[PDB]
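Next up is one chain by itself, shown in structure tokens, the form deposited without its partner chain.
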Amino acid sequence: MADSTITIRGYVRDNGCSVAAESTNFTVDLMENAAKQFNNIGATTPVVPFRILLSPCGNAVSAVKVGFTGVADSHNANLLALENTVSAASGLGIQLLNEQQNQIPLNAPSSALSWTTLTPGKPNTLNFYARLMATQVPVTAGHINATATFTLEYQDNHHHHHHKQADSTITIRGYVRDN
């Protein structure tokens, strides 16, 4: 079942959330990715459903902003680069997007993107996508291995200087088939 503390006792900081284990500490199954389909920069795979469940949360929030940051690729640094090893494929950045299928950069600050009005005390789930972007036509087979974190720039009054919220490590798997 799905039940949570809302408008009741035992709530964390109001302005913020905890981030669930289901979001700070998981793996995206990007399925297979095929070399043979990435034959120009427009090439965009069947965008897998992905979310960051925030819970438990407190009782007073107004929204956040995201802050995704990772190793950005040389080609289009808006795409999350791979582990950068011989066995990681070339010219195939990770394509992390929101439900609007809009390219989300990394090393932007929290200003170039946004978030929804958080509900208090619930498994606050927006809907996002992850898949695999062609930045070139290398079609060298290999595996999918990346690392970033999201921060949430919680709309607290920012009295202390900002940092990362967490080290909520986004890991994505997958496989470039040679067909």
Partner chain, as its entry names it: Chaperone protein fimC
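Residue numbers count along the first chain shown, from 1.
Heads up, the form solved in complex with its partner chain isn't pictured, but that's what we're talking about next.
Q: Going by a heavy atom distance of 4.5 Å, is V137 a contact of its partner chain in the deposited complex?
A: No.
Q: Can you tell me if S62 lies within 4.5 angstroms of its partner chain in the deposited complex, counting non-hydrogen atoms only?
A: Yes - in the deposited complex, heavy atoms of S62 and its partner chain come within 4.5 Å of each other.
Q: Might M133 be said to contact its partner chain in the deposited complex, defining contact as any heavy atom within 4.5 Å?
A: Taking the distances in the deposited complex, the answer for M133 is no, it never comes within 4.5 Å of its partner chain.
Q: Residue-level question: is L80 within 4.5 Å of its partner chain in the deposited complex, judged on heavy atoms?
A: Yes.
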